[PDB]
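Novice: Structure file query-v7.pdb, PDB, N, CA and C atoms, is pasted below:
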```pdb
ATOM      1  N   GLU A   1      10.004  -1.676   5.684  1.00  0.00           N
ATOM      2  CA  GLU A   1       9.047  -0.807   6.418  1.00  0.00           C
ATOM      3  C   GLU A   1       9.766   0.067   7.439  1.00  0.00           C
ATOM      4  N   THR A   2       9.323   1.315   7.559  1.00  0.00           N
ATOM      5  CA  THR A   2       9.923   2.254   8.500  1.00  0.00           C
ATOM      6  C   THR A   2       9.016   2.463   9.710  1.00  0.00           C
ATOM      7  N   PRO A   3       9.601   2.798  10.874  1.00  0.00           N
ATOM      8  CA  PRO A   3       8.838   3.024  12.106  1.00  0.00           C
ATOM      9  C   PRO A   3       7.634   3.933  11.886  1.00  0.00           C
ATOM     10  N   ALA A   4       7.802   4.934  11.027  1.00  0.00           N
ATOM     11  CA  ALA A   4       6.727   5.869  10.727  1.00  0.00           C
ATOM     12  C   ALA A   4       5.565   5.161  10.040  1.00  0.00           C
ATOM     13  N   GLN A   5       5.887   4.324   9.059  1.00  0.00           N
ATOM     14  CA  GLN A   5       4.873   3.580   8.323  1.00  0.00           C
ATOM     15  C   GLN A   5       4.162   2.589   9.240  1.00  0.00           C
ATOM     16  N   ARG A   6       4.946   1.841  10.011  1.00  0.00           N
ATOM     17  CA  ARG A   6       4.398   0.856  10.938  1.00  0.00           C
ATOM     18  C   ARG A   6       3.415   1.510  11.904  1.00  0.00           C
ATOM     19  N   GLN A   7       3.911   2.465  12.686  1.00  0.00           N
ATOM     20  CA  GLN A   7       3.080   3.175  13.654  1.00  0.00           C
ATOM     21  C   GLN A   7       1.803   3.688  12.997  1.00  0.00           C
ATOM     22  N   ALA A   8       1.931   4.156  11.762  1.00  0.00           N
ATOM     23  CA  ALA A   8       0.787   4.666  11.018  1.00  0.00           C
ATOM     24  C   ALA A   8      -0.261   3.575  10.841  1.00  0.00           C
ATOM     25  N   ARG A   9       0.202   2.369  10.527  1.00  0.00           N
ATOM     26  CA  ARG A   9      -0.691   1.234  10.339  1.00  0.00           C
ATOM     27  C   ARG A   9      -1.413   0.903  11.639  1.00  0.00           C
ATOM     28  N   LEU A  10      -0.676   0.944  12.746  1.00  0.00           N
ATOM     29  CA  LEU A  10      -1.249   0.655  14.054  1.00  0.00           C
ATOM     30  C   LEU A  10      -2.361   1.645  14.382  1.00  0.00           C
ATOM     31  N   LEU A  11      -2.155   2.902  14.003  1.00  0.00           N
ATOM     32  CA  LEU A  11      -3.136   3.947  14.252  1.00  0.00           C
ATOM     33  C   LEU A  11      -4.400   3.714  13.432  1.00  0.00           C
ATOM     34  N   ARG A  12      -4.220   3.417  12.148  1.00  0.00           N
ATOM     35  CA  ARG A  12      -5.348   3.170  11.257  1.00  0.00           C
ATOM     36  C   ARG A  12      -6.058   1.871  11.629  1.00  0.00           C
ATOM     37  N   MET A  13      -5.278   0.813  11.829  1.00  0.00           N
ATOM     38  CA  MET A  13      -5.832  -0.488  12.193  1.00  0.00           C
ATOM     39  C   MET A  13      -6.683  -0.379  13.453  1.00  0.00           C
ATOM     40  N   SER A  14      -6.065   0.068  14.541  1.00  0.00           N
ATOM     41  CA  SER A  14      -6.768   0.224  15.807  1.00  0.00           C
ATOM     42  C   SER A  14      -7.891   1.248  15.674  1.00  0.00           C
ATOM     43  N   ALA A  15      -7.687   2.227  14.796  1.00  0.00           N
ATOM     44  CA  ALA A  15      -8.680   3.269  14.568  1.00  0.00           C
ATOM     45  C   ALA A  15     -10.013   2.667  14.139  1.00  0.00           C
ATOM     46  N   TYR A  16     -10.019   2.024  12.975  1.00  0.00           N
ATOM     47  CA  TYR A  16     -11.228   1.401  12.453  1.00  0.00           C
ATOM     48  C   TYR A  16     -11.682   0.262  13.361  1.00  0.00           C
ATOM     49  N   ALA A  17     -10.719  -0.407  13.985  1.00  0.00           N
ATOM     50  CA  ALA A  17     -11.017  -1.517  14.881  1.00  0.00           C
ATOM     51  C   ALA A  17     -11.845  -1.051  16.074  1.00  0.00           C
ATOM     52  N   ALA A  18     -11.297  -0.110  16.835  1.00  0.00           N
ATOM     53  CA  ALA A  18     -11.985   0.422  18.005  1.00  0.00           C
ATOM     54  C   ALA A  18     -13.308   1.069  17.614  1.00  0.00           C
ATOM     55  N   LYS A  19     -13.321   1.728  16.459  1.00  0.00           N
ATOM     56  CA  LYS A  19     -14.523   2.391  15.970  1.00  0.00           C
ATOM     57  C   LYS A  19     -15.646   1.384  15.744  1.00  0.00           C
ATOM     58  N   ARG A  20     -15.346   0.333  14.987  1.00  0.00           N
ATOM     59  CA  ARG A  20     -16.330  -0.703  14.694  1.00  0.00           C
ATOM     60  C   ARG A  20     -15.693  -2.089  14.747  1.00  0.00           C
ATOM     61  N   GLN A  21     -16.496  -3.090  15.090  1.00  0.00           N
ATOM     62  CA  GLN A  21     -16.011  -4.463  15.179  1.00  0.00           C
ATOM     63  C   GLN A  21     -16.993  -5.430  14.526  1.00  0.00           C
ATOM     64  N   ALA A  22     -16.458  -6.429  13.831  1.00  0.00           N
ATOM     65  CA  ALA A  22     -17.287  -7.422  13.159  1.00  0.00           C
ATOM     66  C   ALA A  22     -18.155  -8.179  14.158  1.00  0.00           C
ATOM     67  N   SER A  23     -17.649  -8.334  15.377  1.00  0.00           N
ATOM     68  CA  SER A  23     -18.379  -9.039  16.424  1.00  0.00           C
ATOM     69  C   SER A  23     -18.642 -10.488  16.023  1.00  0.00           C
TER      70      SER A  23
END
```
Could you express the structure from this file as structure tokens?
Specialist:
Amino acid sequence: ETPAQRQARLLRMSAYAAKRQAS
């Protein structure tokens, strides 16, 4: 995995996460 790929995952993960949560 490359820093670009990783950071990208963090953006998407936190993206959908912050947007909505299972609660």
Novice: For the helix (DSSP H, G or I) assignment from backbone DSSP, which residues of chain A qualify? Please present them as a PyMOL selection string.
Specialist: chain A and resi 3-19
Novice: Tell me, in Å to one decimal, how far atom N of residue 3 of chain A is from atom CA of residue 22 of chain A.
Specialist: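 Going from atom N of residue 3 of chain A over to atom CA of residue 22 of chain A, I get 28.9 Å.
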Novice: Measure the distance from atom CA of residue 17 of chain A to atom CA of residue 4 of chain A in Å and round it to one decimal.
Specialist: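 Taking atom CA of residue 17 of chain A and atom CA of residue 4 of chain A, their separation equals 19.7 Å.
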Novice: Would you mind reading off the distance between atom N of residue 18 of chain A and atom CA of residue 2 of chain A, one decimal, in Å?
Specialist: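 Atom N of residue 18 of chain A sits 22.9 Å away from atom CA of residue 2 of chain A.
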Novice: Around segment 19-23 of chain A, with edges along x, y and z and 4 Å added on all six sides, what centre and edge lengths do you get, in Å to one decimal, as JSON?
Specialist:
```
{"center_x": -16.0, "center_y": -4.0, "center_z": 14.8, "size_x": 13.3, "size_y": 20.9, "size_z": 11.3}
```
Novice: Since fewer atoms than expected are present, regenerate N, CA, C and O atoms for segment 5-21 of chain A and write them as an mmCIF file, in the frame of the given file.
Specialist:
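File result38.cif, as written:
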```cif
data_model
loop_
_atom_site.group_PDB
_atom_site.id
_atom_site.type_symbol
_atom_site.label_atom_id
_atom_site.label_comp_id
_atom_site.auth_asym_id
_atom_site.auth_seq_id
_atom_site.Cartn_x
_atom_site.Cartn_y
_atom_site.Cartn_z
ATOM 1 N N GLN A 5 5.887 4.324 9.059
ATOM 2 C CA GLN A 5 4.873 3.580 8.323
ATOM 3 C C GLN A 5 4.162 2.589 9.240
ATOM 4 O O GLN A 5 2.933 2.508 9.252
ATOM 5 N N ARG A 6 4.946 1.841 10.011
ATOM 6 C CA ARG A 6 4.398 0.856 10.938
ATOM 7 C C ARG A 6 3.415 1.510 11.904
ATOM 8 O O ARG A 6 2.235 1.158 11.938
ATOM 9 N N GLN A 7 3.911 2.465 12.686
ATOM 10 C CA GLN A 7 3.080 3.175 13.654
ATOM 11 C C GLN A 7 1.803 3.688 12.997
ATOM 12 O O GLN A 7 0.727 3.652 13.593
ATOM 13 N N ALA A 8 1.931 4.156 11.762
ATOM 14 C CA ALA A 8 0.787 4.666 11.018
ATOM 15 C C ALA A 8 -0.261 3.575 10.841
ATOM 16 O O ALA A 8 -1.460 3.817 10.992
ATOM 17 N N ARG A 9 0.202 2.369 10.527
ATOM 18 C CA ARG A 9 -0.691 1.234 10.339
ATOM 19 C C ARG A 9 -1.413 0.903 11.639
ATOM 20 O O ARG A 9 -2.612 0.623 11.642
ATOM 21 N N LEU A 10 -0.676 0.944 12.746
ATOM 22 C CA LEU A 10 -1.249 0.655 14.054
ATOM 23 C C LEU A 10 -2.361 1.645 14.382
ATOM 24 O O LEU A 10 -3.382 1.278 14.964
ATOM 25 N N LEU A 11 -2.155 2.902 14.003
ATOM 26 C CA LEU A 11 -3.136 3.947 14.252
ATOM 27 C C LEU A 11 -4.400 3.714 13.432
ATOM 28 O O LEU A 11 -5.513 3.800 13.950
ATOM 29 N N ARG A 12 -4.220 3.417 12.148
ATOM 30 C CA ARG A 12 -5.348 3.170 11.257
ATOM 31 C C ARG A 12 -6.058 1.871 11.629
ATOM 32 O O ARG A 12 -7.284 1.830 11.734
ATOM 33 N N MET A 13 -5.278 0.813 11.829
ATOM 34 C CA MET A 13 -5.832 -0.488 12.193
ATOM 35 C C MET A 13 -6.683 -0.379 13.453
ATOM 36 O O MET A 13 -7.874 -0.689 13.437
ATOM 37 N N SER A 14 -6.065 0.068 14.541
ATOM 38 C CA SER A 14 -6.768 0.224 15.807
ATOM 39 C C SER A 14 -7.891 1.248 15.674
ATOM 40 O O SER A 14 -8.917 1.152 16.346
ATOM 41 N N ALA A 15 -7.687 2.227 14.796
ATOM 42 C CA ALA A 15 -8.680 3.269 14.568
ATOM 43 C C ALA A 15 -10.013 2.667 14.139
ATOM 44 O O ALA A 15 -11.014 2.780 14.847
ATOM 45 N N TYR A 16 -10.019 2.024 12.975
ATOM 46 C CA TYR A 16 -11.228 1.401 12.453
ATOM 47 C C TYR A 16 -11.682 0.262 13.361
ATOM 48 O O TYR A 16 -12.877 -0.003 13.491
ATOM 49 N N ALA A 17 -10.719 -0.407 13.985
ATOM 50 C CA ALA A 17 -11.017 -1.517 14.881
ATOM 51 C C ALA A 17 -11.845 -1.051 16.074
ATOM 52 O O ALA A 17 -12.955 -1.533 16.298
ATOM 53 N N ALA A 18 -11.297 -0.110 16.835
ATOM 54 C CA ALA A 18 -11.985 0.422 18.005
ATOM 55 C C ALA A 18 -13.308 1.069 17.614
ATOM 56 O O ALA A 18 -14.298 0.974 18.341
ATOM 57 N N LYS A 19 -13.321 1.728 16.459
ATOM 58 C CA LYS A 19 -14.523 2.391 15.970
ATOM 59 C C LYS A 19 -15.646 1.384 15.744
ATOM 60 O O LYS A 19 -16.757 1.555 16.244
ATOM 61 N N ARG A 20 -15.346 0.333 14.987
ATOM 62 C CA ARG A 20 -16.330 -0.703 14.694
ATOM 63 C C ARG A 20 -15.693 -2.089 14.747
ATOM 64 O O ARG A 20 -14.501 -2.246 14.483
ATOM 65 N N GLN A 21 -16.496 -3.090 15.090
ATOM 66 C CA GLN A 21 -16.011 -4.463 15.179
ATOM 67 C C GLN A 21 -16.993 -5.430 14.526
ATOM 68 O O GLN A 21 -18.208 -5.275 14.649
#
```
